[PDB]
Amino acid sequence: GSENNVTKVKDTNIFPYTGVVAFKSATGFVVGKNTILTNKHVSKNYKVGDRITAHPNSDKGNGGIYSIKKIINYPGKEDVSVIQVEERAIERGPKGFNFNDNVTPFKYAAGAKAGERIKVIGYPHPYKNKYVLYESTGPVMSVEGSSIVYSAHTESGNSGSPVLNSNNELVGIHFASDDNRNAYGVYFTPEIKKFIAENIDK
């Protein structure tokens, strides 16, 4: 075979993949009880009642299908949208009908620096009949304020993917793009973190 900085995830039912969710067009991940994060350009395409699916892997199944109950955009310029779902599944996952028993939120990392290895996990290919999760690895190029840039292979559906460090702790949320190219994430500054904690379902 060959070196490859992106590979298909064959088992999406183990951590960290159990923190990731699919939209028809994009990716999101869990941040707290009944609460997911994605980009604003993703959430504009959705409304209350639309469905997300928890860590799906084509016909190997998933953690359940859930409906969106609230969409809250961050008021700053950063591309962050908090989405709450109804806790009771439309279709159950293997751990039952409760959203939170089928998913796992991430710990925030202590920080991030140029040169460290990150992973972007998400559903790179939008509007497919089957959901396939890919893991894209690469180094951090820069952390400046609320901007984190890394070199990786990312595609349009990665919008909303978590960016994790080597210990599966959260360093960012992807928003825009062999391919070892600069790719762009929102780094969680204290003001963004505060907006998120405030909009987690209580």
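Note that residue numbering follows the sequence shown and begins at 1.
The entry models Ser177 and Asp178 with a gap of 4 to 9 deposited residues left without coordinates. Taking only CA atoms, the mean B-factor in the PDB entry is higher for 36 to 44 than for the other of 149 to 157 and 36 to 44.
The mean C-alpha temperature factor is higher for 69 to 77 when 69 to 77 and 98 to 106 are set side by side.
The entry assigns its greatest Cα B factor, within the set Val132, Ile90, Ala112, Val85, to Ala112. The deposited CA B-factor of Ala197 belongs to the highest third of values across its chain. Per the deposited record, the Cα B-factor of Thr189 falls in the highest third when ranked against the other modelled residues of its chain. In the deposited entry, the Cα temperature factor of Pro139 places it in the lowest third of its chain's modelled residues. Per the PDB record, residue ranking by Cα B-factor puts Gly61 in the highest third of the chain. Placement of the Cα temperature factor of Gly49 within the chain: highest third of the modelled residues, per the deposited record.
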